[PDB]
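**Q** Protein chains in written order, with my numbering: chain A, 1 to 282; chain B, 283 to 289.
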């Protein structure tokens with residue numbers, strides 16, 4: 001409610017005071033009352049990369065005709081005044097034994113865009129399994145063969161085109177894979193301008209009505225920042241009010257803990273203000 | 283099984 005102008009006055013003023021950060025610290029991380037059962041079953045415990053980052057039952061991604069569990073959540077951000085919904089699947093970095101289910105989600109829904117917001121390793125520890133092959137190798141995951149047909153590094157991210165072939169049926173599917181490598185776990189992007197350019201590039205690569213698969217290591221911190229920013233960009237361009245706290249709450253009603261740290265929330269709120277101001281015309 | 287680290 002209110003207007004874009006008033007919401008940005010409210011955000012700038014509350015950044016200054018700073019009531020914006022206090023209200024973020026007050027927000028629940030996990031919505032009370034939402035069941036989390038499947039994620040804790042004995043056969044599924046080691047399918048979670050982190051013990052405390054689990055999908056709600058209501059928004060858990062199911063594999064079509066397949067009972068295998070995956071730690072993945074549907075996250076949809078509605079902009080109702082624009083009759084717009086931005087769909088995501090937010091998931092963790094696959095483990096060695098969950099690559100099969102990851103690629104099954106991609107196949108089931110013919111997802112043509114994967115956004116990976118992590119390096120494979122940090123400080124000697126593995127943060128994500130390499131679920132694609134180094135070109136020109138071909139990888140087998142759960143009855144999909146994967147090959148990387150193109151790989152180009154920019155400054156901040158790597159752009160890969162991947163071919164997914166179904167071993168059972170012979171069909172093929174192509175996926176664009178963006179790996180943002182300049183953004184450490186529980187941190188902010190190394191460069192804010194690279195981040196914003198990357199978010200707007202992701203927006204431009206959206207296919208109509210198709211979820212973007214977004215993941216990091218846990219799939220909540222850096223993913224939450226990106227989702228918040230894309231939502232805010234859509235709201236700014238449509239002259240609609242932006243309440244970052246409402247956005248984070250809406251995400252957290254669908255996948256717990258989205259936007260991990262106060263620094264990450266402060267970063268995205270400042271970025272939102274920046275975008276609004278440098279786009280503002282008298 | 284360990285928690286997602288925080289800073």
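Cβ atoms here follow ideal geometry from the backbone N, Cα and C, with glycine treated the same way.
Whose C-alpha, out of A:238, A:71, A:271, A:166, is nearest the C-alpha of residue 213 (chain A)?
**A** The option with the nearest alpha carbon to residue 213 (chain A) is A:71.
**Q** With H, G and I counted as helix, E and B as strand and the rest as coil, what does DSSP make of residue 106 (chain A)?
**A** Residue 106 (chain A): helix per DSSP, three-state reduction.
**Q** Distance check for residue 53 (chain A) and residue 319 (chain A), CA to CA, integer angstroms please.
**A** Not covered by the structure: residue 319 (chain A). The range shown for chain A is 1 to 282.
**Q** Can you tell me where the alpha helix (DSSP H) holding residue 11 (chain A) begins and where it ends?
**A** Residue 11 (chain A) -> alpha helix (DSSP H) spans 4-17.
**Q** Chain B beta carbons: is any one of them nearer than 7 Å to that of residue 305 (chain A)?
**A** Any property of residue 305 (chain A) remains undetermined from this structure, which presents chain A solely from 1 to 282.
**Q** Assign residue 283 (chain B) to one of two classes, buried (16 or more other C-beta atoms within 10 Å of its C-beta) or exposed (fewer than that).
**A** So residue 283 (chain B) ends up on the exposed side.
**Q** Counting beta carbon pairs with one atom in the segment 154-164 of chain A and one in the segment 256-272 of chain A, are three or more of them shorter than 8 Å?
**A** Because the criterion of three Cβ pairs below 8 Å is not met, the segment 256-272 of chain A and the segment 154-164 of chain A do not touch.
**Q** If we count Cβ pairs, one from each stretch, closer than 8 Å, do we get three or more for the segment 106-120 of chain A versus the segment 194-214 of chain A?
**A** At 8 Å Cβ cutoff, the stretches touch.
**Q** For residue 26 (chain A), count neighbouring C-beta atoms within 10 Å of its own C-beta (all shown protein chains included) and say buried if the count is 16 or more, exposed if not.
**A** The residue is exposed, with fewer than 16 neighbouring Cβ atoms inside 10 Å.
**Q** When DSSP labels each residue in this structure, what does residue 89 (chain A) get in the three-state scheme?
**A** Three-state DSSP puts residue 89 (chain A) in a strand.
**Q** Is there a C-beta anywhere in chain B that falls below 7 Å from the one on residue 243 (chain A)?
**A** With 7 Å as the cut-off, residue 243 (chain A) does not count as an interface residue toward chain B.
**Q** What is the DSSP secondary structure of residue 115 (chain A), reduced to helix, strand or coil?
**A** Residue 115 (chain A): strand per DSSP, three-state reduction.
**Q** Residues in the same chain with beta-carbon distance under 8 Å from residue 85 (chain A), minus the five sequence neighbours each way, listed in chain order, please.
**A** Taken in chain order, the residues that qualify are 76, 77, 78, 79.
**Q** Residues of the segment 12-25 of chain A in Cβ contact with chain D at a cutoff of 9 Å, in chain order, please.
**A** Absent here is chain D; the protein component of the structure consists of chains A and B.
**Q** Taking 7 Å as the threshold (C-beta atoms), are residue 135 (chain A) and residue 148 (chain A) in contact?
**A** Contact flag set, yes.
**Q** Quick one, which residues of the segment 172-187 of chain A are near chain B if we go by CB-CB under 9 Å, in chain order?
**A** Those residues of the segment 172-187 of chain A that come within reach of chain B (Cβ to Cβ, closer than 9 Å) are 185, 186, 187.
**Q** Between the C-alpha atoms of residue 119 (chain A) and residue 259 (chain A), what's the straight-line distance to the nearest angstrom?
**A** The straight-line gap from Cα to Cα measures roughly 18 Å.
**Q** With a threshold of 7 Å on Cβ separation, who are the neighbours of residue 186 (chain A) within its own chain once the five nearest residues in sequence on each side are excluded?
**A** Answer for residue 186 (chain A): 221, 260, 261, listed in chain order.
**Q** Mind checking which residues open and close the alpha helix (DSSP H) that includes residue 275 (chain A)?
**A** From DSSP, the alpha helix (DSSP H) with residue 275 (chain A) extends over 262-278.
**Q** Taking residue 45 (chain A) as the query, report the chain B residues whose CB atoms sit under 9 Å from its CB, ordered along the chain.
**A** Ordered by position in chain B, the residues that pass the 9 Å Cβ test against residue 45 (chain A) are 283.
**Q** With a Cβ-Cβ cutoff of 7 Å, do residue 38 (chain A) and residue 69 (chain A) count as a contact?
**A** Yes, Cβ-Cβ distance for residue 38 (chain A) and residue 69 (chain A) is below 7 Å.
**Q** Look at the alpha carbon of residue 8 (chain A) and the alpha carbon of residue 99 (chain A), and state the distance between them as a whole number of angstroms.
**A** Approximately 42 Å, taken between the alpha carbons.
**Q** For a quick check, are the C-beta atoms of residue 30 (chain A) and residue 256 (chain A) less than 7 Å apart?
**A** Against a cut-off of 7 Å, the Cβ pair of residue 256 (chain A) and residue 30 (chain A) comes out as a contact.
**Q** Quick check: is the beta carbon of residue 51 (chain A) nearer than 7 Å to any beta carbon in chain B?
**A** Chain B contact via Cβ: present.
**Q** So, helix, strand or coil for residue 257 (chain A), using DSSP?
**A** Of the three classes helix, strand and coil, the one that applies to residue 257 (chain A) here is coil, per DSSP.
**Q** Considering just the uninterrupted stretch of the beta strand (DSSP E) at residue 289 (chain B), what are its terminal residues?
**A** Per DSSP, residue 289 (chain B) belongs to no beta strand (DSSP E) and is neither H nor E.
**Q** Hey, which unbroken runs of the beta strand (DSSP E) at 3 residues or more fall wholly within the segment 144-222 of chain A?
**A** If we require 3 residues or more, the beta strand (DSSP E) runs fully inside the segment 144-222 of chain A come out as 144-153, 157-166, 172-180, 212-215.
**Q** By alpha-carbon positions, which one of A:121, A:132, A:199, A:141 ends up nearest to residue 156 (chain A)?
**A** That would be A:199, whose Cα lies nearest to the Cα of residue 156 (chain A).
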